[PDB]
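As structure tokens, one chain now follows by itself in the form deposited in one PDB entry.
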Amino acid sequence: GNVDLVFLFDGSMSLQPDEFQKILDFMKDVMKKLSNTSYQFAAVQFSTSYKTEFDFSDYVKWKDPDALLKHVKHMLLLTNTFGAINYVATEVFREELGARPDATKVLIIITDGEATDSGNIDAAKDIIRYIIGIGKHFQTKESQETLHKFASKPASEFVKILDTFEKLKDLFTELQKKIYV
């Protein structure tokens, strides 16, 4: 069947330029692996505020990850994850922007920190949510457990903690045959 998948990617001030580029390259690798499938993609950068970098209609038009992410500018602010998830649920999964009514809705969140805001994500209850937390901010179990509230359940299946940004490519290499769900 059809999957509408959104990447919600951290553009916070804690990321070095090299680290931000590794997030971009990962999204590109995933999209390239799934080209010519029934997946459709959108990407949203989040920091203090939220920007749709490309929507589903854009993807269908260009089908070129490198082209679609060429103009991305690193926001360099905070990490308002609650607001970001709500923004995706209400502003991105919209028929007008190319979302398909019949499709399974999936959100992949990539982040290097705890949320600096609060709230709820009731609006996103129907979206399958997979979270990748990267780096030293998730060294402790307590910080890791803050991500469980954004993820689908059970957390053991929907939260992945990576110690370095190099692990994005390593895990892609290791597990790429599993991506075509």
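So that there is no doubt, residue numbering starts at 1 and follows the sequence shown.
Q: With reference to the PDB entry, specify whether the mean Cα temperature factor is higher for 104 to 112 or for 87 to 95.
A: Mean C-alpha B-factor is greater for 87 to 95.
Q: What stretch has the higher average Cα B-factor here, 8 to 16 or 164 to 172?
A: Looking at the recorded C-alpha B-factors, 164 to 172 comes out higher on average.
Q: Select one of 29, 126, 117, 53: the residue whose C-alpha shows the highest B-factor in the crystal structure entry.
A: When the deposited C-alpha B-factors of 29, 126, 117, 53 are compared, 126 is largest.
Q: Which one of 155, 44, 134, 67 shows the biggest C-alpha B-factor in the PDB entry?
A: In the PDB entry, the greatest C-alpha B-factor among 155, 44, 134, 67 is found at 67.
Q: By the recorded C-alpha temperature factor, relative to the other modelled residues in its chain, which third is residue 138 in?
A: It belongs to the middle third of the chain when residues are ordered by C-alpha B-factor.
Q: Is residue 72 in the lowest, middle or highest third of its chain when residues are ranked by C-alpha B-factor?
A: As the PDB entry reports it, the C-alpha B-factor of residue 72 lands in the highest third of its chain.
Q: Based on the entry's values, in what third of the chain does the Cα temperature factor of residue 130 lie: lowest, middle or highest?
A: It falls in the bottom third of the chain.
Not pictured, yet referred to below: the form solved in complex with a partner chain.
Q: Give a yes or no for residue 58: in the entry with it bound, does one of its heavy atoms lie within 4.5 Å of a heavy atom belonging to its partner chain?
A: The answer is no: residue 58 has no heavy atom within 4.5 Å of its partner chain.
Q: Using a 4.5 angstroms cut-off on non-hydrogen atoms, would residue 116 count as touching its partner chain in the entry with it bound?
A: Close contact exists here: in the entry with it bound, residue 116 approaches its partner chain to within 4.5 Å, heavy atoms only.
Q: Does residue 78 reach its partner chain in the entry with it bound, with heavy atoms at most 4.5 Å apart?
A: Judged by the heavy-atom cut-off of 4.5 Å, residue 78 is in contact with its partner chain in the entry with it bound.
Q: Should residue 137 be classed as touching its partner chain in the entry with it bound when contacts are defined as heavy atoms within 4.5 Å?
A: Looking in the entry with it bound, residue contacts with its partner chain include residue 137, since a heavy atom lies within 4.5 Å.
Q: Each of 14, 112 and 142 near its partner chain in the entry with it bound, meaning some heavy atom within 4.5 Å?
A: Every listed residue reaches its partner chain in the entry with it bound, so yes.
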